[PDB]
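Readers should treat all values here as calculations from the given coordinates under stated rules, not as data from a laboratory. Counting neighbours? That spans all protein chains shown, and the Cβs are built from the backbone with ideal geometry, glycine included.
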2 protein chains.
Amino acid sequence: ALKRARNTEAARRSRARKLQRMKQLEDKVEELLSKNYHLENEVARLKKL
Amino acid sequence: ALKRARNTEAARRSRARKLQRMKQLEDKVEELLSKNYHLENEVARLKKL
DNA sequence: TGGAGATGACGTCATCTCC
DNA sequence: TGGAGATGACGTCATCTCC
């Protein structure tokens, strides 16, 4: 059927978006963990001086 | 068939783990964004004083 | 070992959303 | 509006992994 054919592609596009969103999110946690470390270290330094 | 029955449940358990992992990850980004803000603000303060 | 479970992509159905 | 697309869960098959 036709509605099925269209839905099969809509599902394909939807899955693809969910896979990129996950990766995007995983990268962000990596980015924030590093930014966090530099600030935490920075705080210790300024605290001393 | 039997192997199919088992796989149908293995898939159910697997999906469940992927849903919790996503949520866990989403919470972490929220947590780090806030911790980041407090440190960034903290740095500005110590910088001044 | 061979064999069990885990997991990625698939296509489908049910629903929601949005004009 | 009614109708189009988006999306969550499903069950299946193919493969990987791990003893």
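Shape analysis of the protein assembly as shown based on the Cα gyration tensor places the equivalent ellipsoid semi-axes at 45, 17, 8 Å, largest first. Charge tally for A:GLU30 (other residues, Cβ to Cβ under 12 Å; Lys, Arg +1; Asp, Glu -1): +1.
Cross-link partners of B:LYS18 among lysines, defined as those whose alpha carbon lies under 30 angstrom from its own and excluding same-chain residues fewer than eight positions apart: A:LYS3, A:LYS18, A:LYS23, A:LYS28, A:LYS35, B:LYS3, B:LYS28, B:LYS35.
Computed from backbone phi, the HN-Hα couplings of segment A:3-13 come to 5, 5, 4, 5, 5, 4, 7, 4, 5, 4, 5 Hz, rounded to whole numbers (Karplus: 6.51 cos²θ - 1.76 cosθ + 1.60, θ = phi - 60°; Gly and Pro given as x).
Computed over chain B, the P(r) curve from all C-alpha pair distances, binned at 5 Å from the origin, holds 5, 17, 12, 10, 11, 8, 8, 7, 6, 5, 4, 3, 2, 1, 0 percent per bin.
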